Ligand SMILES: *[C@@H]1O[C@H](CO)[C@@H](O[C@@H]2O[C@H](CO)[C@@H](O[C@@H]3O[C@H](CO[C@H]4O[C@H](CO)[C@@H](O)[C@H](O)[C@@H]4O)[C@@H](O)[C@H](O[C@H]4O[C@H](CO)[C@@H](O)[C@H](O)[C@@H]4O)[C@@H]3O)[C@H](O)[C@H]2NC(C)=O)[C@H](O)[C@H]1NC(C)=O
Ligand SMILES: *[C@@H]1O[C@H](CO)[C@@H](O[C@@H]2O[C@H](CO)[C@@H](O[C@@H]3O[C@H](CO[C@H]4O[C@H](CO)[C@@H](O)[C@H](O)[C@@H]4O)[C@@H](O)[C@H](O[C@H]4O[C@H](CO)[C@@H](O)[C@H](O)[C@@H]4O)[C@@H]3O)[C@H](O)[C@H]2NC(C)=O)[C@H](O)[C@H]1NC(C)=O
Ligand SMILES: *[C@@H]1O[C@H](CO)[C@@H](O[C@@H]2O[C@H](CO)[C@@H](O[C@@H]3O[C@H](CO[C@H]4O[C@H](CO)[C@@H](O)[C@H](O)[C@@H]4O)[C@@H](O)[C@H](O[C@H]4O[C@H](CO)[C@@H](O)[C@H](O)[C@@H]4O)[C@@H]3O)[C@H](O)[C@H]2NC(C)=O)[C@H](O)[C@H]1NC(C)=O
Ligand SMILES: CC(=O)N[C@@H]1[C@@H](O)[C@H](O[C@@H]2O[C@H](CO)[C@H](O)[C@H](O[C@]3(C(=O)O)C[C@H](O)[C@@H](NC(C)=O)[C@H]([C@H](O)[C@H](O)CO)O3)[C@H]2O)[C@@H](CO)O[C@H]1O
Ligand SMILES: CC(=O)N[C@@H]1[C@@H](O)[C@H](O[C@@H]2O[C@H](CO)[C@H](O)[C@H](O[C@]3(C(=O)O)C[C@H](O)[C@@H](NC(C)=O)[C@H]([C@H](O)[C@H](O)CO)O3)[C@H]2O)[C@@H](CO)O[C@H]1O
Ligand SMILES: CC(=O)N[C@@H]1[C@@H](O)[C@H](O[C@@H]2O[C@H](CO)[C@H](O)[C@H](O[C@]3(C(=O)O)C[C@H](O)[C@@H](NC(C)=O)[C@H]([C@H](O)[C@H](O)CO)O3)[C@H]2O)[C@@H](CO)O[C@H]1O
Ligand SMILES: *[C@@H]1O[C@H](CO)[C@@H](O[C@@H]2O[C@H](CO)[C@@H](O)[C@H](O)[C@H]2NC(C)=O)[C@H](O)[C@H]1NC(C)=O
Ligand SMILES: *[C@@H]1O[C@H](CO)[C@@H](O[C@@H]2O[C@H](CO)[C@@H](O)[C@H](O)[C@H]2NC(C)=O)[C@H](O)[C@H]1NC(C)=O
Ligand SMILES: *[C@@H]1O[C@H](CO)[C@@H](O[C@@H]2O[C@H](CO)[C@@H](O)[C@H](O)[C@H]2NC(C)=O)[C@H](O)[C@H]1NC(C)=O
Ligand SMILES: *[C@@H]1O[C@H](CO)[C@@H](O)[C@H](O)[C@H]1NC(C)=O
Ligand SMILES: *[C@@H]1O[C@H](CO)[C@@H](O)[C@H](O)[C@H]1NC(C)=O
Ligand SMILES: *[C@@H]1O[C@H](CO)[C@@H](O)[C@H](O)[C@H]1NC(C)=O
Ligand SMILES: *[C@@H]1O[C@H](CO)[C@@H](O)[C@H](O)[C@H]1NC(C)=O
Ligand SMILES: *[C@@H]1O[C@H](CO)[C@@H](O)[C@H](O)[C@H]1NC(C)=O
Ligand SMILES: *[C@@H]1O[C@H](CO)[C@@H](O)[C@H](O)[C@H]1NC(C)=O
Ligand SMILES: *[C@@H]1O[C@H](CO)[C@@H](O)[C@H](O)[C@H]1NC(C)=O
Ligand SMILES: *[C@@H]1O[C@H](CO)[C@@H](O)[C@H](O)[C@H]1NC(C)=O
Ligand SMILES: *[C@@H]1O[C@H](CO)[C@@H](O)[C@H](O)[C@H]1NC(C)=O
Ligand SMILES: *[C@@H]1O[C@H](CO)[C@@H](O)[C@H](O)[C@H]1NC(C)=O
Ligand SMILES: *[C@@H]1O[C@H](CO)[C@@H](O)[C@H](O)[C@H]1NC(C)=O
Ligand SMILES: *[C@@H]1O[C@H](CO)[C@@H](O)[C@H](O)[C@H]1NC(C)=O
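Protein chains in written order, with our numbering: chain A, 1 to 173; chain B, 174 to 346; chain C, 347 to 519; chain D, 520 to 836; chain E, 837 to 1153; chain F, 1154 to 1470.
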C-alpha cells in the first residue's frame, strides 16, 4: 500500500501468472507474452520466510507451574493465583494481536516495495527509449522482438543500440 | 518523513486548504487556483480511522480482582500482591508508550506516502508535456486553461492533444 | 532495503568516504572527486540519536521487591513467587527481542530512505541536462567543471545556463 | 506562456506535539488523547447494581450487626465500603478477615436460609449490652449465642445435611471470655471446645480465657470462623461450651460481583467503569485515575497523557 | 509500431482475510494460522515419562493406600490425576494438602528408603477394617500406627540423623479419636502429644477427641504433616500417644516434574506439549486449547485464530 | 565529453551483525549493546546507604544477639546479609520468619525506644550460658526473660498505650522448655500461657514442654512473635509463665529500604544499581546479570546480548 504499486498504479494482479510473484507482460510484433521475474519473487519470499523462521517452531519449555483451576472457595491466595494467570494471559494475548497486525502491515508493504523496485529498475534500463504510461506499462518506441524483450528481462538490454530509432519515433510530429 | 514529500521537497503545507488534506495549486492564463483532491485525502483518513477503530471503545471487562491498597503491615503475601500489581502496570505502561510511538511514526509516514503517490500519479499523467521543478510543482509547456487543469485533477487529461505544442516549447533554444 | 537504493541500485558503499554517510562522486575534465553531503548524513544521524535518547539512560527505580531464590522447599506460596518472576522475565525478554528487531528494521529502512531522497533531489535539480544510468550515477550532457559540480552539491545549480548545450548533446545522432 | 501546477498538502495554525520512535516532539495537524485522566467524582448507580454499605462493612452486614439489618438478603454487582463505617455490636475478630470478605464480596449475595438445629439442653438467644437492637440488649442476627440450661451445659452433637444443589456457607464463632466470671455465668463450668467437621473438613477451636483491652466496655472477644459444605456432605457441630452457633447458611454463588473501598457519592447516571474516585468514561484505551477498577474499563498506566496523531506532520507557511 | 511492456504481480481466485494496523479485513494471496486450536484428545506417552494415576491421587500413592501399591518408588516427568480417583483407607486430611501435592509432584519421585526407628515399649503395625489389603485389615504402607504394649504407652524419644547428600522428606500423622473408646483401646490412657523437631524446626500437634461424620464407617480422622531434614541435621520424634509414625523417608529431588488433572487417555505417540485435553502440536507460537500446559508448548492466548499473511495483497482480475 | 555524477553512501571494513524482523543476521556499519552483562564484582557504598550485616542476619540484629550490638538503632537503604552469618545466642525460631525479615527490611530502621513495663512480682533479666556477652552469661538485648520472685510467678497483666504518631512494632517470645526442670527452675510451677492483645488483635501462645535436638548445648527453644500497635491503640500482655517480654518498641517507617543476600565486597565507589554479584552500570535498558536488583537498574532479560543498529546496512567494496 505505502509504495503505490500493488492496488495502486498497477490495476490488478494476474491470475495466469503461476510461476512467480512478479513479472512482465509484453505486446510486440511476434505476439503477446508473459514471464515471471525470479529475483524480485525470491526477495519477497526470503523476507516472508524470515518472519516465519522467527515465529514457527520456536516454543518455550515450561514444567511445574501454579494451579489454574480450583474446586474450593479459598479467598485471598486463590484470588492472587487467578489474577496472576489472568494478567499473564491478557499480556500475551495483546502481544499476539499486535504482532500479527504489524507483521501483516509490513508484509503488505514489503511486497508492494518489491513491485515498485522492479518497475523502477526496468524504467532506468530503458533510458530514453520508452515512456511510462502510468499503469505500470511502458510504451517502447522501437521495434522490440522476443530477443529484445528477453534482454530487458535479463538485464542485458543496451539502450544505445535503439536510441536513434527511439528518439526519432518519440519526438515525431 | 520517510518518502521525502511532506517536510521535504514540498516546502510547507497550505493553511488556506481547508476542504482536503492534499491538493493542487495552479497558475495559468485564467488566474491562480486551488482545489483539494478527495481520493488521496480519503485514503489517508480511512487508514487513520483504521487505527482508531482498534483503539477507541475496545475496553476489557474486569470484576473481582486482588486488593491493591493496604492499611496493615503484613509482610510476605502483601509483598507479592503489590509486586504483581506493580509488574502488571509497568508492562501495560510500556505497551502504551511503544504503541503510540509506532503508530505516530506510521501515521506520519503514511500521510507522507499519500502526498508522494498523488505527486507521482500526476507526473505520469503529464507524460512529456511538463517538467518537475523539484519543489512539487510542474512547469507545463502548453496553454492550459481551467478546463485543462480540471482534466488533470479528474484524471481525464489526454497528453496526445497537447504533445506537439509541448515538445516544441520544451526543446526550443 | 525497502526503498531499493542501499544494497539495491547502488552496488556498494564507499570505504574511502569517512567524513559523511552519504555523498557524491564525480568524473569531469578536471579529474575524479568525492564529497560527503552533510544534510542527508545529519538527518539519518538525528533519527538514530532519536532512538538512542529513548533507550539509553532511561532506567526505572525499584526497591523492596519479592524474594527470588529459596533455600527451603515450601510449596504453594513459593510456586506463586517463582511463577510471577518467571512470567515477568519472559514478558520483558519478549519486549526486548521485538523492540530491537523492529528498531533495526526501521533503522535499515530510514538510512535507505535518506540515500533515496538525496538521489531523487539531485535528479530533479538536473532537469533535462542529465540521464539516470540506473546505478545511482547521472551522465551529465554538458561540460561540468569543479565549480559546476560544487553548485549541484550546494543546491545552487541553474539548469537553464547549460540546457541548450545539454539538449544538443542528448538528442544527437 | 504555459502553466504551473503545484501539488501540496494542508496545514493548521495550531498544531499539537506528539512522540515518535525517532523524535520525542513532532508537530502534527491533529491528535487525540489515549489516557483518561478525570472523573466526575460520582459512582454511577447504572448499569451495575451498587450496594452502598454506608455505616456497615460487608462483614458487619454478614454477621448481622443491628445497624445493618437493612442489608438482609441483598445482592450486588459492587459493594462499596465507606471509611466512616464502624462496628456497634459485640467486639470480634476474624482469622483471615480478608479471605472471608473476598469470598462473600465475590459471591455477591447475602441470601440467608434459616435452619432448625437441635439445640436441646442449652439456652438459645444470648444477648449483650454491647449490641443494642431497638433499644434492647441483642446480638448478631445470624448468630445464636448458646448458654446453660438449669446450670448445666451438656455436650452438643448436632448435625445438618446439605441436600441442595449449591455449596452452603456456615458462619460461626467462639466466645473467648475476659475473666473467670464471663465463663461461669454463661456456661456454668470451666472450659469449652468446639469441633466443626464435615466428611472432608475439620476445624477445632479452644476458648482462651483472658482480658483484652475493652471495646464498647467489653474485655471478652468473639472469634469468627467459617465452613463450606458441599452437596451430599454434612455439617457436624460438637461443643462442650463457648459456641456461637449459626442460625442457618448463606448461599454462595459465582459471578461478576466485588467490593471497593470508596468515599465517592452514588449518582443517578449510567457509566460502565467504576473507580474509587468516581466513574470514568471508557472511550479511551488507557487511564491514570486509579489502579483499582470495576467493569469495562481502560487499562491503568503510569503516564498522564499519550497523544495519538490523527493527522500529518504540520508544516506551516 | 514498437512494443508495450507491462510490469505486474500475481493474484489468486481464493484469497484470505487478515488484520492489519490500519484495516481489520484485507485480502492477501496466502496466510498461515498462528493459534493452535485442536488436539487429538490423547496424552502422548513420549517423549515425557507419564505416570497415569488411574484410581489414585498422588497423595494416596505417597501415603501407601493399598490400591496404590503398584506406584512404589515410581518416577515421572508428569503425573496425571484422574477425576474418578478415590481414597480407600483410613479417612484423613492434610493441612496444606495443596503444598504437599505440589512439592512431591515437583520432586518427581516416590523413592522411599526404610529406616529402623527404635520403637521400644509400644506395639507397631496397627491396622483397621477401613484399609483392606489383600483381604486383611491393613494400613498405609509408609506409615506405622503405634499402640500400647501391655496396657502401657511410655514417652517416646526417638532420633534419626540425616547423614546423606540430600534432603529427606518425612511423612507422619496424628490420630484424632472419634470417642473415648478410640483413645483407650489403642493407647490405654487419656491424651497424646506429638512434637517432631529438628535443629531448625519444630511442629507440635495435639489430638482432639471428637466425632466426625463417618467416612468408610470411621468417625476418627488421621491428620497428615511433613518435615524436611537437611544434611547434617537430625529428626526427633517425641510422643506420649496418637503418633502415626514414619517407616522412613522419601528422597526429594529437583527437576522438571509436575502433575496435571486430566481425563484424557494415554496414547502410543510422540508429542512434546501436553494439555489436559490431550497433546497438541507445537509448530505454532500460540494456542487456545488450555491455559494448563506441560513441555515445549505454544503460549496460551484468548484469541481462537490469528492469521499471518505470507503473501501480498490479493487484487483479482 | 561532459561528466559523471555518482550518488552513494559509506561503508566500513569491520561490520557487525544484528537481527531484524526479516533476517536474523544482517551486517550494519555500527551497533551498540543493549544488555548489560558484567559487574566489577563490588557493591558500591554510594549513593545508597549500605549496611553490611557481616556475621549477623537482620533478625539477629533485631533481637539483639550479642555479636550484633554494633547495629543498634542503625538505618539502611539496603541491608546486605552474608552467607557466613550465624546465630550465637539462645536457640530460636520465628513462625513467618520471612515476613518479619521483610517488614523490618522494608522499614529500613532498627530504631528502638525503651519502655518501662510494670513487671512487679517477677524477676527480670534472665540470662543463659548459650548467649555470652562480654564474657558473661547474657541474653538478647531487646528481650526481657522474666522468671520467678521468691518461688512465685503470679499472673501478669501489663499495659502500654501507643500515644505516638507512628505504628509501634513489639517483638516478643515464648520459652518452650526442653524438660520438666527447665520449666520448674525459671517459673517454679507447671504451665504458662501468653496472650498479647490490642483493641484490634489477639495472639495467644502455649508453651509445649519437650526435648529438641541440642543447638549450642540447649534442648529448649524460644519462639518469636510480633505485634503492631496503631496510634490510639494499647498493648496488653497477659502471662502466667514463659514470657520473653519486650523491653520496648521499634519504629516502623515506610520508604525505599530493602535487603539482599550477597557475598560481594563493599567498595568505595558510586553506582545507582546493585545486584548480588556487585553493582552494574545503568546506561543500558536491559541486563542479564541477576534477576535480583536494587535501585535504578536495567530490566532483567534472558538474552545475553541484543545489538541495536546505529548505522546503515554495510555493503563493502
Ligand atoms: C482530530 O481528530 C479526532 C479523531 O479523528 C477528531 O475527533 C472525532 O471527531 C468526530 C466528528 O467531529 C467525532 O464523531 C462524533 O462522535 C459522537 C460520539 O461521541 C462520543 O462517543 C465517542 C466514543 O465513540 C467519544 O470518543 C466521544 O468523546 C464522545 O463521548 C457521535 O454521536 C457523532 O455523530 C454525529 O454525527 C452523525 C452524522 O454522521 C449523527 O449520526 C449523530 O447523531 C451525531 O450528530 C460523531 O460521530 C468523534 O467522537 C471524535 N473522535 C475522538 C476519538 O475524539 C477531531 O474532529 C479532529 N479534529 C479536527 C479539527 O479535525
Ligand atoms: C501459504 O503459506 C505457507 C507458509 O509459507 C505455505 O506452507 C508451507 O509450505 C511448505 C511447502 O509446501 C511446507 O514445507 C514442508 O514442511 C514439512 C514439515 O511439515 C511439518 O512440520 C512443520 C513444522 O516445521 C509444520 O509447520 C507443518 O504443519 C508439518 O507438521 C517438510 O517435511 C516438507 O519437506 C518436503 O520437501 C523437502 C524437499 O525440499 C524434503 O526434504 C522433505 O522430505 C519433504 O518431502 C516441506 O518443507 C511448510 O510446512 C508450510 N509451512 C507452514 C507454516 O504451514 C503454503 O505452501 C502457502 N500456500 C501456497 C498455496 O503457496
Ligand atoms: C557506534 O554507535 C555508538 C552509538 O551512537 C557510538 O557510541 C557513542 O559515541 C559517542 C561519541 O564518541 C559517546 O559520547 C560520549 O559520551 C560520554 C559519556 O559516556 C559515558 O556515559 C554514557 C551514558 O550517557 C555511556 O553510554 C558510556 O558507555 C559512558 O559510560 C561523554 O562524556 C562524551 O562527551 C565528550 O565530548 C563532549 C564534547 O561534545 C564533552 O562535553 C565531554 O567532556 C567529553 O569529552 C561523549 O559524548 C557515547 O557514549 C557513545 N554511546 C553509546 C551508547 O555507546 C559510536 O561512536 C559509534 N561508532 C562509530 C565507529 O562511529
Ligand atoms: C467497671 C466495670 O466494668 N466492672 C466490671 C463489670 O462491667 C463486669 O460485668 C459485666 O459488665 C458488662 C458491661 O461492660 C455487661 O453488663 C455484662 O453483662 C452481660 C453483657 O451485656 O455483656 C449480660 C448478658 O446477658 C450476658 N449474656 C450471656 C449470654 O451470658 C453477658 C455475658 O455473660 C458476658 O458478656 C460474657 O463475656 O454479659 C456484665 O457481665 C464484671 C463481671 O465480672 O466485672 C467488673 O469488674
Ligand atoms: C454401629 C456402629 O458403628 N457402632 C460403633 C462401632 O462401630 C464401634 O467399634 C469400632 O467399629 C469400627 C467399624 O466402624 C471398627 O471395627 C473398629 O475396630 C478397629 C478398626 O478396624 O478401625 C480395629 C483395629 O484393630 C483398631 N486398631 C488399632 C491400632 O487400635 C482400630 C482403632 O482402635 C480405631 O479405629 C481407632 O479409632 O479399631 C471398632 O473399634 C464402637 C466403638 O466405641 O462404637 C459403636 O457405637
Ligand atoms: C550433659 C548435659 O547436658 N546434662 C544436662 C544439663 O546440661 C542440664 O542443665 C542445664 O545445662 C545448660 C547447658 O546446656 C545450662 O547450663 C543450663 O543453665 C541455664 C542456662 O545457661 O541456660 C542457667 C540460666 O541462669 C537459666 N536462666 C533462667 C532465666 O532460668 C537457664 C534456664 O533455666 C534454662 O536454659 C531454661 O531452659 O539455664 C542448665 O539448666 C540439666 C538440667 O535438667 O540436665 C542434664 O541432663
Ligand atoms: C488487666 O488490665 C486492664 C488494664 O488496666 C484492666 O482493664 C481495665 O479495667 C477497668 C476497671 O475494671 C476499666 O475501667 C478499664 O476500662 C480497663 N482498661 C482496659 C484497657 O481494658 C483489666 O481489668 C485487668 N484484668 C484483670 C482480670 O485484672
Ligand atoms: C454424633 O452425631 C453423629 C450423627 O448422628 C453420630 O454418628 C452416627 O452414629 C450412627 C450409630 O453409631 C451411625 O450409624 C451413623 O452413620 C453416624 N452418622 C454420622 C453422620 O456420623 C455420632 O455417633 C454422635 N456421636 C456421639 C459420640 O454420640
Ligand atoms: C531425647 O533424645 C535426645 C537424643 O538422644 C537426648 O539428647 C541428648 O542428650 C545427651 C545427654 O543429655 C546430650 O549429650 C546429647 O547432645 C543430646 N542429643 C541431642 C541430639 O539432643 C535427650 O536428652 C532425650 N530427652 C530426654 C528428656 O530424655
Ligand atoms: C534471457 O534469459 C532466458 C533464460 O532465462 C533465455 O532463454 C533468453 O534467450 C535470454 N535472452 C537474452 C537476449 O539474453
Ligand atoms: C472535473 O471535475 C469537476 C467536478 O468535480 C467539474 O466541475 C469539472 O468541470 C471537471 N472538468 C473536466 C474537464 O472534466
Ligand atoms: C559549494 O560549497 C563549498 C563550501 O561548502 C564551497 O567551497 C564551494 O566553492 C561552493 N561552490 C559553489 C559553486 O557554490
Ligand atoms: C450512620 O452513622 C452516623 C454517625 O453515627 C449517623 O448520623 C447516621 O444517621 C447513620 N446512618 C445509618 C443509615 O445508620
Ligand atoms: C462431642 O459430643 C459428644 C456427645 O455429646 C461428647 O461425647 C464429646 O465429648 C464432645 N466433644 C467435644 C470436643 O465437644
Ligand atoms: C484517586 O484516588 C486516589 C486515592 O489513593 C488518589 O491517590 C488519586 O490521586 C485519585 N486520582 C484522581 C485522578 O482523582
Ligand atoms: C479402579 O476402580 C474401578 C472402580 O472401582 C475398578 O473397576 C478398577 O478395576 C480399578 N482399577 C485399579 C487398577 O485398581
Ligand atoms: C518427650 O519424651 C520424654 C522422654 O521419654 C518425656 O520426658 C516428655 O514428657 C515427652 N514429651 C512429649 C511432649 O511427648
Ligand atoms: C479443554 O478442556 C477445558 C476444560 O476446562 C475446556 O473448557 C476447553 O474448552 C477444552 N478445549 C478444547 C479445545 O478442547
Ligand atoms: C565474624 O566471625 C568470624 C568467624 O567466627 C570472626 O573471625 C570475625 O572476627 C567476626 N567478626 C565480627 C565483626 O564479629
Ligand atoms: C491474665 O492476668 C489476669 C490477672 O492477673 C489473670 O486473672 C488471668 O488468669 C491471666 N490469664 C492469662 C491467660 O495469663
Ligand atoms: C550472579 O550470581 C548468580 C548467583 O545465583 C549467578 O548464577 C550468576 O551467573 C552471576 N552472574 C554474573 C554475570 O556474574
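Built from N, CA and C at the ideal position, the CB exists for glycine as well.
A straight line joining the alpha-carbon of residue 1286/F with that of residue 1345/F spans about 28 Å. Burial of residue 721/D is indicated by the presence of at least 16 other C-beta atoms within 10 angstroms of its C-beta. For the options 1180/F, 1216/F and 1164/F, the alpha carbon positioned closest to that of residue 1265/F is the one of 1216/F. For residue 1115/E, the pairing in a beta bridge is given by DSSP as 1110/E. As the crow flies, the alpha-carbon of residue 389/C is around 17 Å from that of residue 381/C.
When 1330/F, 1341/F, 1386/F and 1282/F are compared, the shortest CA-CA separation from residue 1352/F is found for 1386/F. Separation of the CB atoms of residue 108/A and residue 856/E is rounded to 7 Å, and the pair is thereby assigned contact status at 8 Å. Annotation: the continuous beta strand (DSSP E) that includes residue 966/E extends over 964 to 969.
Among the residues facing chain D, residue 473/C is not included, as its CB has no counterpart in that chain under 9 Å away.
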